[PDB]
Amino acid sequence: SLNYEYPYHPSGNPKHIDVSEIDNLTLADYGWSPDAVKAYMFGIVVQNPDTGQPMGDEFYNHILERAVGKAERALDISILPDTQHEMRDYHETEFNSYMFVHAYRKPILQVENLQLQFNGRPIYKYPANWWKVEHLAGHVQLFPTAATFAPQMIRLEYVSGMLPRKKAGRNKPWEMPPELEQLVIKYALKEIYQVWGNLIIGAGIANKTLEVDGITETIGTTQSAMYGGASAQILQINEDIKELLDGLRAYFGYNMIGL
Amino acid sequence: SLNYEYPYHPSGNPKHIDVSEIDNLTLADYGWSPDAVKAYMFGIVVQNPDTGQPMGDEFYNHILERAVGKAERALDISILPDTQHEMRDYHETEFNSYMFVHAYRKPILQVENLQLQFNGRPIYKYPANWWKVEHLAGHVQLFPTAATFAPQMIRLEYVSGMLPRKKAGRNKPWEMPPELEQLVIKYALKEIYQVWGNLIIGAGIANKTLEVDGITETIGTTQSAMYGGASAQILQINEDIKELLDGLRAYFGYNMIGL
Amino acid sequence: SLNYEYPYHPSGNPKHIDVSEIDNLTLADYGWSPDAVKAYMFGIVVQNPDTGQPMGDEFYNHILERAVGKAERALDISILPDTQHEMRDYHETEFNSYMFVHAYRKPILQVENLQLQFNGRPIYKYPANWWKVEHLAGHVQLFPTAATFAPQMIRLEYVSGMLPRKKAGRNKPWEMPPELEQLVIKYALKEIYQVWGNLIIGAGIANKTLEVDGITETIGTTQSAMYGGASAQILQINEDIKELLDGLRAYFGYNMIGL
Amino acid sequence: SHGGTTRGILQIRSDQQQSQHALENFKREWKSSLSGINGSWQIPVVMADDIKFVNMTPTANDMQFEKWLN
Amino acid sequence: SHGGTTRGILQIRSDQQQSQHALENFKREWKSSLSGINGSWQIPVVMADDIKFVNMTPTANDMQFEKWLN
Ligand SMILES: [Zn+2]
Ligand SMILES: [Zn+2]
Ligand SMILES: [Zn+2]
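Chains as they are written, first to last, in the entry's author numbering: chain W, 16 to 161, 190 to 302; chain W', 16 to 161, 190 to 302; chain W'', 16 to 161, 190 to 302; chain A, 283 to 352; chain A', 283 to 352. A prime marks a further copy of an entry chain.
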């Protein structure tokens, strides 16, 4: 005998997240605070040259949300937990292959419903213990116990995303790797450095020197007619990302579809 | 006759780590302290130019944890010890090949359970002495004594990671090589040097010279419109890493899967 | 008649090292002292610019241990003496080829046990005189006198490493060549020069010149926006290593496995 | 009765020669997946930089110097 | 009775690997236009950078080791 909530079986598709906490989890829980961005910019202060105003946390958050979205598309991943109501078509070859299904978004934290319908009426709803999942790739497969295609025959509900990492330097397949966190921070820093590079000296100024009544000064900035003031940091960020991203793609793998 | 805890057999899969100490082991035990990073930066001090604050150990640890994760993905390795609950599918050819199994994470310190189940009920649980392991590659193979595939038929539990090295200049296959430690430190130094390069002189300043009432000075920094202040160290670090990493990949080898 | 300890036969696998002295031998016995590194850096002193502290022997030893490990991976070699408990699988073709075995680490100083077991019980333990070795390549071969494969059938114990060289300008195949010693020193010097290059003048300074009340001075360092201060030495070290390493690889040869 | 029966050599390019332990594990995987009738028709996958197969003997062998014997 | 019956692989080069949803819609269009006798003789059109078809099995298969059996 065994005890469990009916949709979730400990074998195959163990419960990982309470549905209510989907609304609770947010960016700050994953470490994507403005503090992290400021820390990586340690020793650098960004402000309006004409006033004493530094940019507020609103801009940092808005940048971070776009950055995580950009990571959400650079790799075909669903990052934050969210519920999906998904319809899928009937293809005979995968249906005969233990009802193989590849979810459109991955990873899968848990699966709540898996039904077959004809006109909105569930023709057959499978027992919970039958269906089994593979979390990282998002595969859903069915293992029953005791024309060649049709559209939108079956109905699938599940939760897509990654949980915050619980223990240091580790992560389960259903759990966020640290690399995604650093990658998103680096994407945010690309925008921040683009903003900050324009505020070094004046506006559009490359070289300066004064000489008044014996008092003389001279400065030459990073700015140039061919490169920006902060282009060095952006170049280094791109160099880091092109290694971090390619390294991370090996963890998920290439995509295939039968045809 | 022989004496051993039932899951662990001295022949094949000898016990290497107590399960309780998995929680105890951490980064500092492997030498990834902020002291090591500071030592490699001997003679260099990093601080906020506007205050007297040097960056604390919190940033060093957070960098190190990301760096070890980056090494965890640059090579398909599980570094820190951790327990894995792993389900695997039934493929006939490897099943007939002495029940060959390639664990998803390597190396394997020890294997605790290896069972075959149909609906969560263990149909057959093998004797401990039967199953045998190959630690570095993570292979699990079974040597019994006295459709063509199915999903998630078998269940495997084991511990993935590397132990701290016990003796100088040596390491067993189940034991951490020194190279991974130096590689992770170098990855951390790439981020630290990226932070430090912005704090040489002012912000975005390449050249300076003053001349006041007969007192004159001039400085030219490493900063340039095309390269950063610390780009030299980053270039050298990348040159070192591209040799260290490729040398280390030979120790683990290329990956294969039958199809 | 002949006299010998039973595991070691003077013909084939002569004894070379006492097992107790494995713990005794260390880096200093092979010439990898901080003195050698300092000697190669004759006329150069490294110290903290802000204090009078030179780096201690602790950093030199830690560098040397990593350097020897890096050489341990640049070539598939076991350098320091160490004992190995090794299991190997049954492959019919090499078994019929006089029980050919290629040890995973080389060279082999001596072989202590070579047994065949089924479930941990030794089915057959061969006479000492039968088995014979080839030290440098690590081959173990058996010469008896008066499915197609199985896993972990046999058990092998031996000692892997190289002894310190006894006579000038010479070395036996079971004995350390001088080149490995110089290569490891050069690897250590790459790290040391990386540390020292940052301490030439200030931090991140390329050019300087003062002019105060008629007293004027000017210095231009090796540092540049595109190269480091010590990049010249590192380049020369890499040039030397790319010849020393390739020359040494000819002494061991390329690797093969039957398939 | 003597050697020379090889079909060809499978070269795999790499910056470093793989350690013999890695090659042994490679052989273990290859034998477990492909050897014998079991898994005969399967196809392996390798992600190296470049792979070649160089033939040392022709596609099909047969007796030599037949007309000389006749 | 076992695998290895594939004819070949259709590679499509792209800077990014297409998301699985896009590939599923691609399959839907392909099946609706070309699958079966219906639309058998039609020709699809694709505007990718480069396309290749690599053959894994010969043009026509047949029994092997016939003379050995005889
Ligand atoms: Zn997929
Ligand atoms: Zn493998
Ligand atoms: Zn060899």
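Note that CB positions come from ideal geometry on N, CA and C, so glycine has one too.
Measure the C-alpha to C-alpha separation of residue i and residue j and round it to an integer number of angstroms.
i	j	result
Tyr-105(W')	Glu-20(W')	29 Å
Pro-220(W'')	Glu-286(W'')	16 Å
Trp-47(W)	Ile-228(W)	7 Å
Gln-156(W')	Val-238(W)	57 Å
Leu-232(W'')	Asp-44(W)	44 Å
residue 362(A)	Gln-225(W)	Residue 362(A) is absent from the model: chain A starts at 283 and stops at 352.
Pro-22(W)	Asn-320(A)	39 Å
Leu-124(W')	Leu-199(W')	14 Å
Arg-213(W)	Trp-146(W')	27 Å
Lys-309(A')	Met-299(W)	11 Å
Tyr-236(W')	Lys-53(W')	12 Å
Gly-67(W'')	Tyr-230(W'')	27 Å
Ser-16(W')	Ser-26(W')	13 Å
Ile-94(W'')	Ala-82(W')	29 Å
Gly-84(W')	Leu-223(W)	10 Å
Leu-302(W')	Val-328(A)	11 Å
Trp-312(A')	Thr-341(A')	23 Å
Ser-274(W)	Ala-249(W'')	20 Å
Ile-294(A)	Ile-92(W'')	21 Å
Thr-261(W')	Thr-261(W'')	9 Å
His-77(W'')	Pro-64(W)	48 Å
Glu-101(W')	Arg-136(W')	16 Å
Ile-258(W')	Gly-58(W')	30 Å
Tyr-55(W')	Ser-296(A)	31 Å
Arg-120(W)	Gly-272(W'')	50 Å
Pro-29(W'')	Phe-158(W'')	16 Å
So residue i contacts chain A'; which residues on that side make the cut at Cβ distance below 7 Å?
i	result
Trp-323(A)	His-284, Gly-285 and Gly-286
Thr-191(W)	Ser-317 and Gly-318
Quick check on residue i: does DSSP put it in helix, strand or coil?
i	result
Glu-234(W')	helix
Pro-159(W')	coil
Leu-40(W'')	coil
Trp-312(A')	helix
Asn-18(W'')	coil
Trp-217(W'')	coil
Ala-190(W')	coil
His-77(W)	helix
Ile-333(A')	strand
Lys-30(W'')	coil
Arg-88(W)	helix
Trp-145(W'')	coil
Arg-292(W'')	helix
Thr-108(W')	helix
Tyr-45(W')	helix
Quick one: which chain W residues come within Cβ less than 8 Å of residue i?
i	result
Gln-293(A')	Ordered by position in chain W, no residue passes the 8 Å Cβ test against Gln-293(A'), which lies about 11 Å from the chain.
Below 8 Å on C-beta distance, what does residue i contact in chain W'?
i	result
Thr-160(W)	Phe-133 and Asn-134
Chain W partners of residue i, CB-CB under 9 Å?
i	result
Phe-308(A')	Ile-300 and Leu-302
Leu-42(W')	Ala-211 and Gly-212
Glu-80(W')	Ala-211, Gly-212 and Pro-221
Pull up the CB-CB distance for residue i and residue j, whole angstroms please, since I reckon it's below 8 Å.
i	j	result
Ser-35(W)	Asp-97(W)	That belief does not hold up - the Cβ atoms of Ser-35(W) and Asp-97(W) are roughly 13 Å apart, past 8 Å.
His-24(W)	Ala-118(W)	Not a contact, Cβ separation roughly 18 Å.
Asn-307(A)	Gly-296(W')	6 Å
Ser-317(A)	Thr-191(W'')	6 Å
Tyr-141(W'')	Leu-129(W'')	6 Å
Note down, in chain order, every chain W'' residue with its Cβ under 7 Å from the Cβ of residue i.
i	result
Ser-301(A)	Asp-91
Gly-257(W')	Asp-256
I want to verify the contact list: residues of chain W' whose CB lies under 9 Å from the CB of residue i, in sequence order.
i	result
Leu-316(A)	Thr-108 and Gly-301
Taking Cβ-Cβ distances shorter than 7 Å, what residues in chain A pair up with residue i?
i	result
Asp-289(W')	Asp-297 and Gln-298
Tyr-105(W'')	In chain order: nothing, as chain A lies at least about 11 Å away.
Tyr-230(W'')	Those do not exist, as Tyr-230(W'') stays about 15 Å from chain A at its closest Cβ, beyond 7 Å.
Interface residues of chain W around residue i at Cβ under 7 Å?
i	result
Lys-313(A')	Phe-192
query: Three or more C-beta pairs closer than 8 Å, one from the stretch 283-291 of chain A and one from the stretch 328-339 of chain A: is that the case here?
result: yes
Segment contact, 8 Å Cβ cut-off, at least three pairs: the stretch 88-102 of chain W' with the stretch 238-250 of chain W': no
- prompt: Any chance the stretch 273-291 of chain W'' sits against the stretch 264-272 of chain W', with 3 or more Cβ pairs inside 8 Å?
  reply: no
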